[PDB]
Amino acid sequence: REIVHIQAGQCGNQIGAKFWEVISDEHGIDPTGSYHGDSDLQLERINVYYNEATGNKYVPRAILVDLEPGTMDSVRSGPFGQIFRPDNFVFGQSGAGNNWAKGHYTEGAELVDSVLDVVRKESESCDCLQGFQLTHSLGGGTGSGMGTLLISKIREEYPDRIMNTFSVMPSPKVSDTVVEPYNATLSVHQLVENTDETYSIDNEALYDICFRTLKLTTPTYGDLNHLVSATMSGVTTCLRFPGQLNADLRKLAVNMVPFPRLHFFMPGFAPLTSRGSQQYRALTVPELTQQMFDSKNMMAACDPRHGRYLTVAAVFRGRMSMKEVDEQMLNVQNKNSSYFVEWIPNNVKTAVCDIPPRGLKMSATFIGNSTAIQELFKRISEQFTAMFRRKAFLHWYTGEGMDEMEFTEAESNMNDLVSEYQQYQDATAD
């Protein structure tokens, strides 16, 4: 039934707030929380992400968390901001100084129990808790440290529930913080063991999209978050809207995740639009199909043609022909047959939603479990290794009480994940 949301850190809260702007609009809710939309479907599954409040108002089941008041203030002073329950804003003033150990161990831990009290409150309000969803940065402190800390601490209390994340991968193309690969690597390990599914939002892809495609010379975060949000409404459509399913996180997980350690998804979207720009002419069903399955439309900088799809789930939005859809969908896999594992029969599922997003007469979301994701992990390991080899910036970590072993362990666990991805990539049915 219902989902509890947690946004952590700067990026976490940044992409989180926008998800709430996107989906509240999609559900016919104004910044106060009063429903003022046409369709009865916008409410049919509204309880998934919202709480029914007094005065017939709706309030997001979301917990705002950070170690700096900064972004939480940006959010509050922001558009919907007054929409969230202000008790859920679990904030500290310390800061995490882009240090995993300040988040996971030192500073983070002091706030962690105050956060859990609020998550336990939202879990009690629930009729049937489905699982949890975290939006977080993997290169910072709060998102990477306190994020993974919360995942683990929640996991202790709700081992029965689905732990799903929107993890945003750091690229040097977007951020100068040298220690980001350290923080990335440490967080990936926590994910590989504590999350049922993770959507890999990679700032390398995000930047390259806004630049090479949307031709914005100096892309801001607002420009990148626009893609994150477009994707998020997409990846959560069947979760929110009534269709030909049913509508569950566990159901998605059981089908999309064949091997437990391998729950890292490559999101992708079609069409790619500029932040707040009016759409002119809509795309045909083949255009949507072709685009969606293209490297240039992927939310993670990995070439799907360099690996193999274990599982694929594709969600089409807007009023279109399912026979056209079913024709197109089967063409793709019949021509790209080599990029789909033969040992997972009928691994490409398709959901169609008659409700399109704002300003798009037709959308298409892609969720793939391609072995190609190793490319991203490798990219991080190389980035980590370079610095680790020289024991670079380590006293920022050892100064928080950490160990050089914890670091070597983390590298090793990353390396194993890549080898695991490669094994099934190379695996043949004969």
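All residue numbers are counted from 1 along the displayed sequence.
In this entry, the higher average B-factor at the C-alpha atoms falls on 326-334, of the pair 198-206 and 326-334. Set 383-391 against 33-41 and average the Cα temperature factors; 33-41 ends up higher. Ranking 305, 251, 76, 263 by the C-alpha B-factor listed in the PDB entry places 76 at the top. Ranking 125, 133, 225, 231 by the C-alpha B-factor listed in the PDB entry places 125 at the top. Ranked within its chain, residue 399 lands in the middle third, by CA B factor from the PDB record. When the CA B factors of the chain's modelled residues are split into thirds, the value for residue 377 lands in the lowest one. Sort the chain's modelled residues by C-alpha temperature factor and residue 86 lands in the highest third, per the entry. Residue 412 sits in the highest third of its chain by CA B factor, as recorded in the PDB entry. Sort the modelled residues of the chain by CA B factor and residue 280 lands in the highest third.
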